[PDB]
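Novice: The sequence isn't on hand, but the structure is:
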Ligand SMILES: *[C@@H](C(=O)O)[C@H](O)C(=O)N[C@@H](CC(C)C)C(=O)NCCCCNC(N)=[NH2+]
Ligand SMILES: *[C@@H](C(=O)O)[C@H](O)C(=O)N[C@@H](CC(C)C)C(=O)NCCCCNC(N)=[NH2+]
């Protein structure tokens, strides 16, 4: 389907998200594994590093803040930067060519007692389709495969039928 | 090279062993991921489950006993059995067809102040080559690939030049 494809070279899915609140741990482990060309990071280990005192269900379901995500990247030799919007196709193209990972911070369009769950995903790269559309390739931690998102649209449809608005990005993993 | 190949269906290498003493954690995570068709087990998490109080270098380098390996499999819904020898080609063929994993317990032929380090590896399956040789396919946690071992020989040459005698096996993961 693609005429041009630009991906993070060594990105590989090695684990998927089950019943826990560790989406940002999944996302940062896969981006650091790709930019360092390693297999040592795993979500559980990220989470235990940042939340050493939580146990049981609290450990299982407590997610991360953007500050915790930025400090984690600094501890692993990166300098992540918060961008308070969705990255453009050109931005993704240039960061991907430079081997810099991008985490997506998404907010669920569908509500539940007025609250919009937050969910983090990873950018894998970008591509131009045969009809000219400019797309960003995304890995959502629940899936064993990637999605393609038109770059003009800031709401990503995910595999269970929900929709997440890409409201901010952390780049530099 | 093979005329017949019998492997554990969903075995996949998802991580390799760096500077730690967690070979048995690597081996059991890959065998349980394959027999359960999952990606949730990782060596670090096995080790932390069995050694919750060790920290720092003690945590990093303390390996497992066979009893700890057997109790770990019981906690994950398996009934591993210790066999005080190398499994035969036929045994590997039948266990593999039945989706039962086998851990190799190896002892280093080369010594260091009279001590023979212990190192655990995983069986992936078995195969018959085009010249008729009967072989067992092995994954050593340090490698990103498999080895083939003639079934008549109980000493496996590994990738750094050392040799490990297969002295016992734990099957049933
Ligand atoms: C994501 C998930 O597992 O699906 C998980 O809930 C998560 O990390 N959510 C985040 C937001 C993403 C990073 C966009 C969020 O909800 N953050 C607030 C969680 C803060 C938990 N508290 C502390 N104190 N660390
Ligand atoms: C293997 C390695 O990382 O290369 C690692 O050293 C290991 O687990 N070795 C084992 C033997 C294999 C299971 C054959 C071994 O050396 N066992 C004795 C280690 C016991 C450590 N102590 C306790 N108390 N749990």
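Specialist: Yep, that arrived. Residues are numbered from 1 along each chain as shown, chains lettered A, B, ... in the order given. Ligands and ions are numbered 1, 2, ... in the order given.
Novice: ok, and the closest non-adjacent residue to residue A:11?
Specialist: Spatially, and ignoring its direct neighbours in sequence, residue A:11 is nearest to residue A:34 (4.0 Å; C-beta to C-beta, 6 or more residues apart in numbering or on different chains). The way it works is simple: take the backbone N, C-alpha and C, and place the C-beta from them, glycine included.
Novice: repeat for residue A:18
Specialist: With sequence-adjacent residues excluded and distances taken as C-beta to C-beta, 6+ apart, residue A:18 is closest to residue B:40, at 6.6 Å.
Novice: quick one, what contacts the one you found?
Specialist: A:15, A:18, B:33 (C-beta atoms under 8 Å, 6 or more residues apart in numbering or on different chains).
Novice: Could you provide these in JSON lines, with additional columns for distance to residue B:127?
Specialist: As requested, the contacts of residue B:40 are arranged in JSON lines below (distance: C-beta to C-beta, whole Å):
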{"residue": "A:15", "distance to residue B:127": "29"}
{"residue": "A:18", "distance to residue B:127": "34"}
{"residue": "B:33", "distance to residue B:127": "21"}
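Novice: Of those, select the buried ones using a ChimeraX command.
Specialist: Paste this into ChimeraX to select the buried members of those, with burial taken from 16 or more other C-beta atoms under 10 Å in any protein chain shown:
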select /A:15 /B:33
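Novice: Output the contacts of residue B:40 in JSON lines; the columns should cover distance to ligand 2 and secondary structure.
Specialist: Listed next are those as JSON lines, based on distance: C-beta to the nearest ligand atom, whole Å; DSSP: H, G, I helix; E, B strand; the rest coil:
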{"residue": "A:15", "distance to ligand 2": "21", "secondary structure": "coil"}
{"residue": "A:18", "distance to ligand 2": "27", "secondary structure": "coil"}
{"residue": "B:33", "distance to ligand 2": "18", "secondary structure": "helix"}
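Novice: which one of the contacts of residue B:40 is nearest residue A:118?
Specialist: Distance to residue A:118, by C-beta to C-beta, is smallest for residue A:18 among these, at 18.1 Å.
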